[PDB]
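Residue numbers (PDB author numbering): 136 to 187.
All C-beta atoms in this analysis are idealised placements derived from N, C-alpha and C, irrespective of residue type, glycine included.
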Amino acid sequence: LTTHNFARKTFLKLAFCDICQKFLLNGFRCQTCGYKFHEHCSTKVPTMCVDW
Ligand SMILES: [Zn+2]
Ligand SMILES: [Zn+2]
């Protein structure tokens with residue numbers, strides 16, 4: 136299945152790291168589900184991206 140996806144790219148306007156607590160900046164967002172976060176959430180992420 137298409138697991139998580141990571142493409143280093145800046146967003147369009149503004150976002151928010153659901154893992155941390157404040158906005159999201161040019162980091163890593165999954166372009167298949169629409170996930171977004173910094174390096175604190177590359178491995179700390181528990182359930183990988185397997186939504187549907
Ligand atoms: Zn994802
Ligand atoms: Zn984060």
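Whose C-alpha, out of the options, is nearest the C-alpha of residue i?
i      : options                        : result
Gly162 : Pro181, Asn140, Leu136         : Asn140
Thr145 : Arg164, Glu174, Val180         : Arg164
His173 : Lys148, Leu147, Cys152         : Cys152
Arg143 : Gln166, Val180, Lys179, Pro181 : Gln166
Kindly list the residues whose CB is nearer than 8 Å to the CB of residue i, restricted to its own chain and excluding five residues on each side of it in sequence; keep chain order.
i      : result
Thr138 : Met183, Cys184, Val185
Is the beta carbon of residue i sitting closer than 7 Å to the one on residue j?
i      : j      : result
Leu159 : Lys171 : yes
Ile154 : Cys168 : no
Is any heavy atom of ligand 1 found at a distance shorter than 6 Å from the C-beta of residue i?
i      : result
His175 : no
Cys152 : no
Is the beta carbon of residue i within less than 6 Å of some heavy atom of ligand 2?
i      : result
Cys168 : no
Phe141 : no
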